[PDB]
Structures are given as C-alpha cells and as structure tokens.
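One structure is given here, and the rest of the page talks about it.
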Amino acid sequence: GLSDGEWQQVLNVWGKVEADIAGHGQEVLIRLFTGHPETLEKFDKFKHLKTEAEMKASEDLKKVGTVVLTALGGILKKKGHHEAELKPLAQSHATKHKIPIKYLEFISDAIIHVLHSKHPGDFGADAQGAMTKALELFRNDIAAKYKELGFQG
Ligand code: HEM
Ligand code: NA
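Just so we're aligned, residue 1 is where the sequence shown starts under the entry's author numbering, counting upward by one.
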C-alpha cells in the first residue's frame, strides 16, 4: 500500500480540491472529455456537447464532476481501507454504466494533470508520486470487484 507520508501528501492536496470542489470537478471532466472524447459518450445527460465553452456552461456537467470528486475524496480519506466506499461504486460502474478500467486510467491522469496545474505548491514530485499510487490502488481494487460482478473492464 502507501506509507503514512504518502497518504498525508494525498490528503494535503485533496484539501485544496475540497476548498472548491465544483471548480475542480469541471476542470477534471473537461480535461478528460477533451483528451479522450469517447469517454463523453458515457454521459447521456451531456454527451451532445462539443466545445469547452459548452462544457463550462453545463450545470449537469458541473454537478456530475462534484459527485465524482466528492466520492473519490471519501475513498482517499480511508487511506486504503475503502471496502464500504468502493463496493457501491464498483457495482454501478459495472452494471448501470459500464466504465472500462482504461477510462478510470484516463480520469486518474486528468486528476493528476489538473492538480499539477492548479496546485503546484501542494503537488510537487513526491506528492504526485503518492497521488499516482493512491489512484492505482483505487483502479486495481475496482478491477478486482468488476471481475466478481461479471464485467470484463
Ligand atoms: C475517480 C473516478 C470516479 C469516481 C469516484 C466516480 C464516482 C461516481 C459517483 C459517486 C457517481 C454517482 C453515483 C453512482 O452511480 O455510483 C458516478 C456517476 C457516473 N459516473 Fe462515475 N466515477 C468515476 C469515474 C468515471 C468515469 C471515468 C466515467 C466515464 C468515462 C464515469 C461515468 C459515470 C456516469 C455515466 C455516471 C452517471 C452520471 C449521471 O447521473 O448522469 N465515472 N460516478
Ligand atoms: Na495500512
């Protein structure tokens, strides 16, 4: 797993996110949909959107990004002990919405990019390696649940 130091650095930068969660949700999702447009097809409410200006104007997108970052903060705050938090998330991402593990890799990279961009002072090298590991652990444990659920992610 991660060390105490690695978790502490994860949780430090997450406090920056939580100081404006909607702002962060919007930029992560815009980074995701612009880098990997096939991911936007997953979101029926706003898959019709084409430009970053449309994306920024969208209340629905802002709302979903807040829900996503809020849930990830919940997981992260457990520092690995996130069975209860991961369970319903694996379940909906393997059944209701079928989210490939590759797309979880894209949004992880989007998070890391947005954090480096907005919080260089709380996100230098060590901190980046630690968030890298925390999101790898998240994706690996979600994959293990996907298998159980009958979804080849
Ligand atoms: C950091 C990784 C992610 C976290 C913590 C996360 C979390 C969540 C949460 C808490 C919800 C709402 C409740 C639920 O259905 O369980 C949600 C909904 C959703 N997520 Fe995920 N998510 C992640 C990544 C992704 C990715 C990469 C995609 C698609 C490429 C995606 C697609 C969806 C869709 C389509 C919904 C339904 C949204 C709606 O209400 O219109 N998620 N996610
Ligand atoms: Na531990």
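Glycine included, C-beta positions come from ideal geometry on N, C-alpha and C.
Could you tell me the distance, in whole angstroms, from the CA atom of residue i to the CA atom of residue j?
| i | j | result |
| --- | --- | --- |
| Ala134 | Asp126 | 12 angstroms |
| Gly1 | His48 | 40 angstroms |
| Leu29 | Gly65 | 6 angstroms |
| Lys79 | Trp7 | 6 angstroms |
| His24 | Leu61 | 12 angstroms |
| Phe46 | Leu11 | 31 angstroms |
Using a Cβ-based criterion (distance less than 7 angstroms to any ligand heavy atom), does residue i qualify as near the ligand NAD?
| i | result |
| --- | --- |
| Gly80 | Only the ligand HEM and the ligand NA can be found as ligands here, which leaves the ligand NAD out of the picture. |
DSSP three-state call for residue i: helix, strand or coil?
| i | result |
| --- | --- |
| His113 | helix |
| residue 157 | With the chain running from 1 to 153 in the structure shown, residue 157 is simply not present. |
| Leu49 | coil |
| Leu89 | helix |
| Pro100 | coil |
| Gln26 | helix |
| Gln9 | helix |
I need the boundaries of the alpha helix (DSSP H) containing residue i, first residue and last residue.
| i | result |
| --- | --- |
| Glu41 | Careful: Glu41 lies outside any alpha helix (DSSP H) and carries neither H nor E. |
| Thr66 | 59-76 |
| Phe138 | 125-148 |
With a threshold of 16 other CB atoms inside 10 Å of the CB of residue i, please say whether the residue is buried or exposed.
| i | result |
| --- | --- |
| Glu27 | buried |
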